[PDB]
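Chains A and B are the protein sequences, given in the same order. Take the first sequence: its letters are residues 2 to 76, numbered as in this note's numbering. Take the second sequence: its letters are residues 40 to 251, numbered as in this note's numbering. The beta carbon of each residue, even a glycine, is placed where N, CA and C say it ideally should be. First comes the structure, then the notes that go with it.
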Amino acid sequence: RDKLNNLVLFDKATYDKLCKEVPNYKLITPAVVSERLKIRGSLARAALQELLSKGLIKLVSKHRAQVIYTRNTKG
Amino acid sequence: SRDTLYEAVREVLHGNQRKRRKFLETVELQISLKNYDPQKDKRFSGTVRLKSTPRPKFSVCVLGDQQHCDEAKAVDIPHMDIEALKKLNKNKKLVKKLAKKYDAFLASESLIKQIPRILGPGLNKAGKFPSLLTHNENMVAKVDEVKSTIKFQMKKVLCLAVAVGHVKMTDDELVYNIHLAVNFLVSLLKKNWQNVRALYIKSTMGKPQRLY
RNA sequence: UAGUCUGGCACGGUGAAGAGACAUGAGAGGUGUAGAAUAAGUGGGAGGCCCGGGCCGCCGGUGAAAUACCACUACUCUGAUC
RNA sequence: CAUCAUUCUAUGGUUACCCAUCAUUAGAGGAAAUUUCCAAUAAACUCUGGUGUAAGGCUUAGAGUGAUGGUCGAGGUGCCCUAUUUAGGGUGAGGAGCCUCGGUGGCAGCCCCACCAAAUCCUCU
Numbered sequence: 002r003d004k005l006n007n008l009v010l011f012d013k014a015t016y017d018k019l020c021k022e023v024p025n026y027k028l029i030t031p032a033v034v035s036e037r038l039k040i041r042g043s044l045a046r047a048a049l050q051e052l053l054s055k056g057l058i059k060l061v062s063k064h065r066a067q068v069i070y071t072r073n074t075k076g
Numbered sequence: 040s041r042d043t044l045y046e047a048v049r050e051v052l053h054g055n056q057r058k059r060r061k062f063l064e065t066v067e068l069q070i071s072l073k074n075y076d077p078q079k080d081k082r083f084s085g086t087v088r089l090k091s092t093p094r095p096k097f098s099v100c101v102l103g104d105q106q107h108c109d110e111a112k113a114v115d116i117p118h119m120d121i122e123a124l125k126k127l128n129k130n131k132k133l134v135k136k137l138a139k140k141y142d143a144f145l146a147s148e149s150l151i152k153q154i155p156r157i158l159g160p161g162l163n164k165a166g167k168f169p170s171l172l173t174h175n176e177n178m179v180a181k182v183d184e185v186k187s188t189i190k191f192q193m194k195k196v197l198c199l200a201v202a203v204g205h206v207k208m209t210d211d212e213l214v215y216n217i218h219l220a221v222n223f224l225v226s227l228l229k230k231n232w233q234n235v236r237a238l239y240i241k242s243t244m245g246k247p248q249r250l251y
């Protein structure tokens, strides 16, 4: 029906709308990102452990199907 | 159309019982009409002639590049340059003012053209119709529309209103602008026939009086 | 074409009730964004009006017309009948 | 580049008179359906010059400018069947004709997403 056209890698502004505003979301999941920021879903699985290696987000429980993160702590 | 009561042409000097007001008044004559269509090819158009010094006062403008250099300074012409009619039409839609502030324009000869560019036919649907002639004569040719004929119009409200004389000239000059006005409704007569039903001779500001 | 069916005119009237006109004699009536305002319009217009004093306005601002200041035709209906 | 408007030029056009729609006069025009086709049906709707008046630069050659070296964004509007009627069940075709940076809901605004619409009708079935 309504076919959608996504993108392989980031635009410069879209990473500034990812790296600032995805840590303002609570469900940081690769299914949230590729519906919202509209990318090739495979990408969003890889981007989130670079942010863990950057040290923003919290790996609650990683799985094959769904990897679940949340925004920054309170303390 | 024809009526006439021109056997007792006096009793117009009755001044101080109607007149007691101080501003400059214009004797503006309403006449009663009936049975005319505003929609159709039915016209009530033309300019009724008045040679006997009416002298209409309004927002006056005069142009002309002739031997009117000194002939037009008798009245003190506000002669803005032929070049300087630019913002006359430009400060109209971009700016929200009437950039004219004058209720007449002029067509002249010696040069056959006045202006056929965006400024001339820019006035073509503004009103205040530039029609008058001052071509080749030069006797005065400045006040010879003012001291000459009056204009009127037709529209969708079926009523007529136009000036006949002015307050500076006396009641014996306001009687010279009655006879030579409605005698041009018996000469000018298509078969929109018997248009004049009742006549209201008046001051500017007073009470209704009848000549029929 | 006789006849016959039919409409008009004529002889050919009277009175009332009625429905619509016209001739009329008063009211009420008007909503585009917008400008402070249900912009009915024409020739207007920066002045006049009353108690020297004071008023609505000009212009700005909506928009070919803009409010006080002589008049009158229309147009939506009501509406008295020699 | 194809374009509407802006300022500097305009021997350029007619003042009881010129624009763009609407109101009307004489012209040029079908896919689906239908099933296997064909030539036809029968117009919806679009414009050419005629003419009219409540808003207004007509147009015109052309130097500098609002704004895409791709432009506007482009997602909604209908008809038919039902006692799920604040809702449920259908899907043929082709022209036309319009709003907004819409208000309220969610990982609250922007992106994603949900709903309520600004005016929708004509036609061959």
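A residue is called buried when at least 16 other Cβ atoms come within 10 angstroms of its Cβ; residue 42 of chain A does not meet this threshold and is exposed. The residues 173, in chain order, have a CB closer than 6 Å to that of residue 180 of chain B in the same chain once the five nearest residues on each side in sequence are set aside. Beyond the five residues adjoining it in sequence on each side, residue 127 of chain B comes within less than 7 Å, by CB distance, of 138, 139, 158 in the same chain, given in chain order. Distance from the CA atom of residue 71 of chain A to the CA atom of residue 134 of chain B, rounded to whole angstroms, is 57 Å. The DSSP assignment places complete beta strand (DSSP E) segments of no fewer than 3 residues inside the segment 62-139 of chain B at 65-72, in order along the chain.
Using a C-beta cut-off of 8 Å, the segment 76-93 of chain B makes contact with the segment 185-199 of chain B, since at least three inter-stretch Cβ pairs fall below that distance.
In this structure, residue 68 of chain B places its C-beta atom within 8 Å of the C-beta atom of residue 201 of chain B.
In this chain, the beta strand (DSSP E) harbouring residue 238 of chain B covers 235-238. A direct Cα-to-Cα measurement between residue 147 of chain B and residue 121 of chain B gives close to 12 Å. For residue 71 of chain A, the three-state secondary structure derived from DSSP is strand. Going by DSSP, residue 205 of chain B is part of no alpha helix (DSSP H) but of the beta strand (DSSP E) stretching over 200-205. Here residue 194 of chain B carries a coil assignment [DSSP, helix/strand/coil].
Where residue 35 of chain A is concerned, there is no enclosing beta strand (DSSP E), although the alpha helix (DSSP H) around it starts and stops at 31-37. The way I'd put it, the segment 52-69 of chain A doesn't touch the segment 57-77 of chain B; fewer than three beta-carbon pairs between them come closer than 8 Å. Taking a contact as a CB-CB distance under 8 Å, the pair residue 162 of chain B and residue 155 of chain B does not count as one, their CB atoms being some 12 Å apart.
Residues 89, 91, 93, 203, 204 of the same chain have their beta carbon placed closer than 7 Å to that of residue 216 of chain B, with the five preceding and five following residues left out of the count. Setting aside the 5 residues that flank it on each side, residue 41 of chain B is surrounded in the same chain by 225, each with a C-beta closer than 6 Å to its C-beta; the list follows chain order. Exclusion of the five residues before and after residue 228 of chain B leaves 40 as the residues of its chain whose Cβ lies within less than 7 Å of its Cβ.
Counting along the chain, the unbroken beta strand (DSSP E) around residue 60 of chain A starts and ends at 59-62.
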